[PDB]
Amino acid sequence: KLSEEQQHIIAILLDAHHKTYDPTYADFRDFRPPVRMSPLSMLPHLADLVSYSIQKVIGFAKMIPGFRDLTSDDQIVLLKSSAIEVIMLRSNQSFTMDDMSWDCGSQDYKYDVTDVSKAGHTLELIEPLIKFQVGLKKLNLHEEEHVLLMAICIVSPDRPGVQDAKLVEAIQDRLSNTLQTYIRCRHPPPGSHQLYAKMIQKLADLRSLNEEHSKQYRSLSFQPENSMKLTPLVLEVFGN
């Protein structure tokens, strides 16, 4: 019952992901160098890393079927609210339970709790973030389910500022149904058990991580000496 159309959607989002996630992380070398001496020693590096990631998330979103049909303003609304969430999601790919860090190849480009601390966040965010990664990792999603959950996260109707909620909801539903159907036809048990509802629960976890992230970012950025160290895009998207 996985339709011709739904299979097409999966193929699109998979290719879209491949075009925007370089698993060799080669570009990381353009970033300002990480410093692990350390008053926010990691902020300039992770600033570039996140700014880079925002670019890639935008590129991914633009290839989501229906996403182009939205208004300029709704696309903007969906991206600014989801960006941090989709970065957390897509980061699962580089995250290893082997030591609960994000491992982007080299040790310089391997990032752990203290690096996140040395970028200006408290355990109020870091602990639940690591918990998120752990639980998302345990789900062992097919890459098909991974790219669908990112797309579903982006096209959420209830995001603050949405104009055409009905249109946004109609796009997400097609994606949800595609996901639900993929799991039923393509994900074998025991792994498929409750999998859709578990994935959706991760979206709720993300709203909470997003809420906490905004507060802490609002505090980090509030000081010009911090905000001075970010990138123009992070400032534009996360808040200036």
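One rule holds for the numbers: they count along the sequence shown, beginning at 1. What we label the rigid core is the largest C-alpha set whose atoms superpose within 1.5 Å from one form to the other.
Peer 1: To spell it out: superpose each other structure in 9 other deposited structures of this protein onto this one by the rigid core, compute Cα RMS over structures and residues for 190 to 198 and for 173 to 181. Which is larger?
Peer 2: Of 190 to 198 and 173 to 181, the stretch deviating more in 9 other deposited structures of this protein is 190 to 198.
Peer 1: Please indicate which stretch deviates more in 9 other deposited structures of this protein: 209 to 217 or 54 to 62, judged by C-alpha RMS distance after a core superposition?
Peer 2: More C-alpha displacement in 9 other deposited structures of this protein shows up in 209 to 217.
Peer 1: Look at the stretch from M37 to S38 and count the residues of the deposited sequence that the entry does not model, then pick none, 1 to 3, 4 to 9, or 10 or more.
Peer 2: According to the record, 10 or more deposited residues lack coordinates from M37 to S38.
Peer 1: Name the higher of the two by mean Cα B-factor in the PDB entry, 110 to 118 versus 86 to 94.
Peer 2: Stretch with the greater average CA B-factor: 110 to 118.
Peer 1: Is the mean CA B factor in the deposited entry higher across 227 to 235 or across 12 to 20?
Peer 2: Looking at the recorded C-alpha B-factors, 227 to 235 comes out higher on average.
Peer 1: Which of these has the highest Cα B-factor in the record: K131, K166, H142, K137?
Peer 2: Largest recorded C-alpha B-factor: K166.
Peer 1: According to the deposited entry, which of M100, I76, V155, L148 has the largest Cα B-factor?
Peer 2: It is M100.
Peer 1: Comparing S192 with the other modelled residues of its chain, is its CA B-factor in the lowest, middle or highest third?
Peer 2: Middle third of the chain for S192's C-alpha B-factor.
Peer 1: Mind checking which third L70 falls in for C-alpha B-factor across the chain?
Peer 2: Highest third.
Peer 1: Looking at the entry's B-factor column for C-alpha atoms only, identify whether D205 ranks in the lowest, middle or highest third of its chain.
Peer 2: Lowest third of the chain for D205's C-alpha B-factor.
Peer 1: Consider only the C-alpha atoms of the modelled residues in this chain, order them by B-factor as the entry records it, and name the third containing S176: lowest, middle or highest.
Peer 2: Middle third, going by the recorded CA B-factors of the chain.
Peer 1: In terms of the CA temperature factor given in the entry, to which third of its chain does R29 belong: lowest, middle or highest?
Peer 2: Ranked within chain, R29 CA B lands in the highest tercile.
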